[PDB]
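Structure file final-v7.pdb; described as PDB, C-alpha atoms.
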```pdb
ATOM      1  CA  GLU A   7       8.127  -0.917  -9.298  1.00  0.00           C
ATOM      2  CA  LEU A   8       7.166  -3.300  -6.498  1.00  0.00           C
ATOM      3  CA  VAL A   9       6.842  -2.840  -2.752  1.00  0.00           C
ATOM      4  CA  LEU A  10       6.625  -5.315   0.106  1.00  0.00           C
ATOM      5  CA  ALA A  11       3.834  -5.057   2.688  1.00  0.00           C
ATOM      6  CA  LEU A  12       5.582  -4.823   6.066  1.00  0.00           C
ATOM      7  CA  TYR A  13       2.332  -5.111   8.043  1.00  0.00           C
ATOM      8  CA  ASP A  14      -1.279  -6.127   7.569  1.00  0.00           C
ATOM      9  CA  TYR A  15      -3.407  -3.071   6.833  1.00  0.00           C
ATOM     10  CA  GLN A  16      -7.177  -2.925   6.666  1.00  0.00           C
ATOM     11  CA  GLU A  17      -8.639  -0.101   4.584  1.00  0.00           C
ATOM     12  CA  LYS A  18     -10.207   2.566   6.806  1.00  0.00           C
ATOM     13  CA  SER A  19     -11.428   5.044   4.167  1.00  0.00           C
ATOM     14  CA  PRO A  20     -13.109   4.816   0.719  1.00  0.00           C
ATOM     15  CA  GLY A  21      -9.862   5.436  -1.156  1.00  0.00           C
ATOM     16  CA  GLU A  22      -7.713   2.985   0.789  1.00  0.00           C
ATOM     17  CA  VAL A  23      -6.947  -0.640  -0.005  1.00  0.00           C
ATOM     18  CA  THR A  24      -6.306  -3.675   2.205  1.00  0.00           C
ATOM     19  CA  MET A  25      -3.083  -5.669   2.233  1.00  0.00           C
ATOM     20  CA  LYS A  26      -1.562  -8.570   4.128  1.00  0.00           C
ATOM     21  CA  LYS A  27       1.971  -8.656   5.524  1.00  0.00           C
ATOM     22  CA  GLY A  28       4.245 -10.247   2.934  1.00  0.00           C
ATOM     23  CA  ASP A  29       2.140  -9.149  -0.048  1.00  0.00           C
ATOM     24  CA  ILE A  30       4.024  -7.880  -3.089  1.00  0.00           C
ATOM     25  CA  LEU A  31       2.234  -4.777  -4.337  1.00  0.00           C
ATOM     26  CA  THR A  32       2.695  -2.751  -7.492  1.00  0.00           C
ATOM     27  CA  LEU A  33       3.572   0.853  -6.627  1.00  0.00           C
ATOM     28  CA  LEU A  34       1.416   3.239  -8.671  1.00  0.00           C
ATOM     29  CA  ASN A  35       2.106   6.640  -7.144  1.00  0.00           C
ATOM     30  CA  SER A  36       4.536   7.609  -4.394  1.00  0.00           C
ATOM     31  CA  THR A  37       4.432  11.395  -4.804  1.00  0.00           C
ATOM     32  CA  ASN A  38       2.854  11.791  -1.354  1.00  0.00           C
ATOM     33  CA  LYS A  39       5.212  11.136   1.561  1.00  0.00           C
ATOM     34  CA  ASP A  40       2.511   9.700   3.822  1.00  0.00           C
ATOM     35  CA  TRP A  41       0.193   7.709   1.545  1.00  0.00           C
ATOM     36  CA  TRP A  42       1.217   5.658  -1.477  1.00  0.00           C
ATOM     37  CA  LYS A  43      -1.138   4.412  -4.160  1.00  0.00           C
ATOM     38  CA  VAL A  44      -0.665   0.703  -4.765  1.00  0.00           C
ATOM     39  CA  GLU A  45      -2.229  -2.189  -6.612  1.00  0.00           C
ATOM     40  CA  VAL A  46      -2.951  -5.185  -4.402  1.00  0.00           C
ATOM     41  CA  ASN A  47      -3.727  -8.052  -6.743  1.00  0.00           C
ATOM     42  CA  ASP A  48      -6.791  -6.678  -8.570  1.00  0.00           C
ATOM     43  CA  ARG A  49      -7.544  -3.613  -6.429  1.00  0.00           C
ATOM     44  CA  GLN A  50      -5.982  -0.149  -6.300  1.00  0.00           C
ATOM     45  CA  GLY A  51      -5.868   2.386  -3.505  1.00  0.00           C
ATOM     46  CA  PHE A  52      -3.844   4.047  -0.783  1.00  0.00           C
ATOM     47  CA  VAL A  53      -1.898   2.539   2.095  1.00  0.00           C
ATOM     48  CA  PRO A  54       0.464   4.221   4.574  1.00  0.00           C
ATOM     49  CA  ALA A  55       3.832   4.776   2.890  1.00  0.00           C
ATOM     50  CA  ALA A  56       5.542   3.664   6.098  1.00  0.00           C
ATOM     51  CA  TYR A  57       3.890   0.239   5.962  1.00  0.00           C
ATOM     52  CA  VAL A  58       5.514  -0.792   2.684  1.00  0.00           C
ATOM     53  CA  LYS A  59       9.100  -1.113   1.490  1.00  0.00           C
ATOM     54  CA  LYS A  60      10.406  -0.548  -2.022  1.00  0.00           C
ATOM     55  CA  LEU A  61      11.977  -3.732  -3.374  1.00  0.00           C
TER      56      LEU A  61
END
```

If you took the structure in this file and wrote it as structure tokens, what would it be?
Amino acid sequence: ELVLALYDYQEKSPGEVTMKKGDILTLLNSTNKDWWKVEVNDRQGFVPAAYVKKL
């Protein structure tokens, strides 16, 4: 499934990933309510669940 980046987000921890508003990310794991694992182009990592929207 895909998600839309609602805001820019710069990774702030080793396991996080950076995204730009408007980016279409592949949702890898949404089992956590606060942090979702996504694939941004060729990178994988966590971003705040609230900053993305399921498409």

Point (8.4, -1.8, -1.9), cut-off 7 Å, counting all atoms listed in the file, residues as a PyMOL selection string: chain A and resi 8-10+58-61

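Nearest to residue 15 in chain A of all the residues A:27, A:40, A:34, A:50 is A:27, based on all atoms listed in the file.
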
Minimum-distance residue to residue 28 in chain A, chosen among A:7, A:12, A:47, A:54 (using only C-alpha atoms): A:12

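The coordinates place CA of residue 32 in chain A at 10.5 Å from CA of residue 11 in chain A.
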
Selection result for the PyMOL selection byres ((chain A and resi 52) around 8) on this file, as an NGL selection string: :A and (21-23 or 41-44 or 50-51 or 53-54)

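The spacing separating CA of residue 13 in chain A from CA of residue 45 in chain A amounts to 15.6 Å.
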
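Here CA of residue 33 in chain A is placed at a distance of 10.3 Å from CA of residue 55 in chain A.
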
Expected residue set, 6 Å radius at (-4.9, -4.9, 4.5), only C-alpha atoms, as a VMD selection string: chain A and resid 14 to 16 24 to 26

Could you take the residues named above and write them with C-alpha atoms, as a PDB file, in the coordinates of the input?
```pdb
ATOM      1  CA  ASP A  14      -1.279  -6.127   7.569  1.00  0.00           C
ATOM      2  CA  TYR A  15      -3.407  -3.071   6.833  1.00  0.00           C
ATOM      3  CA  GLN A  16      -7.177  -2.925   6.666  1.00  0.00           C
ATOM      4  CA  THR A  24      -6.306  -3.675   2.205  1.00  0.00           C
ATOM      5  CA  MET A  25      -3.083  -5.669   2.233  1.00  0.00           C
ATOM      6  CA  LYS A  26      -1.562  -8.570   4.128  1.00  0.00           C
TER       7      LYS A  26
END
```

Could N, CA and C atoms be built for range 22-41 of chain A and written out as a PDB file, in the frame of the given file?
```pdb
ATOM      1  N   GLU A  22      -8.779   3.879   0.358  1.00  0.00           N
ATOM      2  CA  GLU A  22      -7.713   2.985   0.789  1.00  0.00           C
ATOM      3  C   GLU A  22      -7.925   1.563   0.296  1.00  0.00           C
ATOM      4  N   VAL A  23      -6.878   0.755   0.399  1.00  0.00           N
ATOM      5  CA  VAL A  23      -6.947  -0.640  -0.005  1.00  0.00           C
ATOM      6  C   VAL A  23      -6.361  -1.497   1.123  1.00  0.00           C
ATOM      7  N   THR A  24      -6.778  -2.755   1.181  1.00  0.00           N
ATOM      8  CA  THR A  24      -6.306  -3.675   2.205  1.00  0.00           C
ATOM      9  C   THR A  24      -5.165  -4.546   1.698  1.00  0.00           C
ATOM     10  N   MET A  25      -4.215  -4.826   2.581  1.00  0.00           N
ATOM     11  CA  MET A  25      -3.083  -5.669   2.233  1.00  0.00           C
ATOM     12  C   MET A  25      -2.715  -6.549   3.415  1.00  0.00           C
ATOM     13  N   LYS A  26      -2.016  -7.635   3.114  1.00  0.00           N
ATOM     14  CA  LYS A  26      -1.562  -8.570   4.128  1.00  0.00           C
ATOM     15  C   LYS A  26      -0.042  -8.520   4.174  1.00  0.00           C
ATOM     16  N   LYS A  27       0.521  -8.662   5.370  1.00  0.00           N
ATOM     17  CA  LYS A  27       1.971  -8.656   5.524  1.00  0.00           C
ATOM     18  C   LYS A  27       2.562  -9.694   4.572  1.00  0.00           C
ATOM     19  N   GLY A  28       3.619  -9.318   3.860  1.00  0.00           N
ATOM     20  CA  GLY A  28       4.245 -10.247   2.934  1.00  0.00           C
ATOM     21  C   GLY A  28       3.795 -10.083   1.493  1.00  0.00           C
ATOM     22  N   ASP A  29       2.674  -9.391   1.290  1.00  0.00           N
ATOM     23  CA  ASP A  29       2.140  -9.149  -0.048  1.00  0.00           C
ATOM     24  C   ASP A  29       3.124  -8.330  -0.871  1.00  0.00           C
ATOM     25  N   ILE A  30       3.165  -8.610  -2.168  1.00  0.00           N
ATOM     26  CA  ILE A  30       4.024  -7.880  -3.089  1.00  0.00           C
ATOM     27  C   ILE A  30       3.059  -7.013  -3.884  1.00  0.00           C
ATOM     28  N   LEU A  31       3.136  -5.707  -3.668  1.00  0.00           N
ATOM     29  CA  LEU A  31       2.234  -4.777  -4.337  1.00  0.00           C
ATOM     30  C   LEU A  31       2.927  -3.994  -5.439  1.00  0.00           C
ATOM     31  N   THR A  32       2.147  -3.557  -6.418  1.00  0.00           N
ATOM     32  CA  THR A  32       2.695  -2.751  -7.492  1.00  0.00           C
ATOM     33  C   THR A  32       2.514  -1.296  -7.063  1.00  0.00           C
ATOM     34  N   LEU A  33       3.611  -0.549  -7.034  1.00  0.00           N
ATOM     35  CA  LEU A  33       3.572   0.853  -6.627  1.00  0.00           C
ATOM     36  C   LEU A  33       3.117   1.725  -7.792  1.00  0.00           C
ATOM     37  N   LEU A  34       1.979   2.393  -7.621  1.00  0.00           N
ATOM     38  CA  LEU A  34       1.416   3.239  -8.671  1.00  0.00           C
ATOM     39  C   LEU A  34       1.791   4.711  -8.566  1.00  0.00           C
ATOM     40  N   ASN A  35       1.781   5.238  -7.348  1.00  0.00           N
ATOM     41  CA  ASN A  35       2.106   6.640  -7.144  1.00  0.00           C
ATOM     42  C   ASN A  35       2.654   6.854  -5.743  1.00  0.00           C
ATOM     43  N   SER A  36       3.883   7.352  -5.672  1.00  0.00           N
ATOM     44  CA  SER A  36       4.536   7.609  -4.394  1.00  0.00           C
ATOM     45  C   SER A  36       4.903   9.081  -4.235  1.00  0.00           C
ATOM     46  N   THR A  37       4.151   9.962  -4.892  1.00  0.00           N
ATOM     47  CA  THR A  37       4.432  11.395  -4.804  1.00  0.00           C
ATOM     48  C   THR A  37       4.095  11.988  -3.437  1.00  0.00           C
ATOM     49  N   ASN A  38       3.221  11.321  -2.688  1.00  0.00           N
ATOM     50  CA  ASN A  38       2.854  11.791  -1.354  1.00  0.00           C
ATOM     51  C   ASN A  38       3.771  11.066  -0.372  1.00  0.00           C
ATOM     52  N   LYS A  39       4.289  11.774   0.625  1.00  0.00           N
ATOM     53  CA  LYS A  39       5.212  11.136   1.561  1.00  0.00           C
ATOM     54  C   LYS A  39       4.539  10.272   2.619  1.00  0.00           C
ATOM     55  N   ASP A  40       3.236  10.461   2.810  1.00  0.00           N
ATOM     56  CA  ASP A  40       2.511   9.700   3.822  1.00  0.00           C
ATOM     57  C   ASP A  40       1.634   8.562   3.313  1.00  0.00           C
ATOM     58  N   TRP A  41       1.061   8.730   2.125  1.00  0.00           N
ATOM     59  CA  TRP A  41       0.193   7.709   1.545  1.00  0.00           C
ATOM     60  C   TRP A  41       0.613   7.386   0.120  1.00  0.00           C
TER      61      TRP A  41
END
```
